[PDB]
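Have a look at the structure below, then the notes.
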Amino acid sequence: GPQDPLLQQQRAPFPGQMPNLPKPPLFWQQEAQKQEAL
Amino acid sequence: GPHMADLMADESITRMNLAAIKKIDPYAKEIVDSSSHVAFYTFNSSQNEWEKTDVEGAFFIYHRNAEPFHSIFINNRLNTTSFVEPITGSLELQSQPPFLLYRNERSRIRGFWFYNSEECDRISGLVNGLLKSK
């Protein structure tokens, strides 16, 4: 419901905000799948 | 003027932690490491995105002098639920800073998020040792 501010001065805590994990390049996903597969 | 925090922790604190542990897992006798806050995340390949799970809790590694030798538990603070899983020696790990990544059966991807990256490093080291020591 609450609307986040367009402009931010400093990083403040926000209950209910999920952290954003970093996404690796496609190569990472493919490599894992292959290794498990035989 | 400036003062540094004490590196050594009181023994009383450790005892209290192990007490809470016994409440869910009667067979947990010793604590190896504990992270103040840890959350479980899963990756869905179909969507190419990460999805947060309903498990958000304090992470503890438990040691026992009987089978299973080692097991990991998360105390879900928000949902007041217990989640436990045994440690297997076939798991392969990978470190993408600051988030820890590991592979699971059937080519699934799951990871753990820690309040502090360094804190995560210590925990991961323990697991690595278990894999190579038995």
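Taken in order, these protein sequences are the chains called B and A. With the deposited numbering as the guide, the letters of the first sequence map in order to residues 1318 to 1355. With the deposited numbering as the guide, the letters of the second sequence map in order to residues -6 to 127. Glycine included, C-beta positions come from ideal geometry on N, C-alpha and C.
Per DSSP, A:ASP18 is not a residue of any beta strand (DSSP E), being assigned neither H nor E.
A check of alpha carbon separations from A:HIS30 across A:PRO(-5), A:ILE67, A:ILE17 identifies A:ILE67 as the nearest. Per DSSP, the unbroken beta strand (DSSP E) holding A:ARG96 starts and ends at 92 to 97. For the stretch 57 to 90 of chain A, the beta-carbon criterion of a distance under 7 Å to any beta-carbon of chain B is satisfied by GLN89. For A:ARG96, the neighbours in chain B by C-beta distance under 9 Å run, in chain order, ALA1349, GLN1352, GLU1353. Non-local beta-carbon contacts of A:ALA51 in its own chain, meaning distances under 8 Å to residues more than five positions away in sequence, involve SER27, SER28, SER29, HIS30, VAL31, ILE67, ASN68, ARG70 in chain order. Neighbourhood of A:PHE33 in chain B, by CB distance below 8 Å: empty, with the nearest CB roughly 12 Å away. At least one beta carbon of chain A lies nearer than 7 Å to the beta carbon of B:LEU1338. Counting only unbroken stretches of 3 or more residues, the beta strand (DSSP E) elements lying wholly within the stretch 70 to 126 of chain A are 74 to 79, 85 to 89, 92 to 97, 101 to 107, in sequence order.
The Cβ of A:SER117 sits no closer than 7 Å to any Cβ of chain B.
DSSP, read as helix, strand or coil, puts B:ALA1349 in helix.
The C-beta separation of A:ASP18 from A:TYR55 comes to about 6 Å, placing the pair in contact by the 8 Å criterion. Bounds of the beta strand (DSSP E) holding A:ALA32 are 23 to 37. A:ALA13 counts as exposed, since fewer than 16 other beta carbons sit within 10 angstroms of its beta carbon.
Apart from sequence neighbours up to five positions away, the residues of its chain that approach A:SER117 with a beta-carbon distance below 7 Å are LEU86, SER88, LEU93, ordered along the chain.
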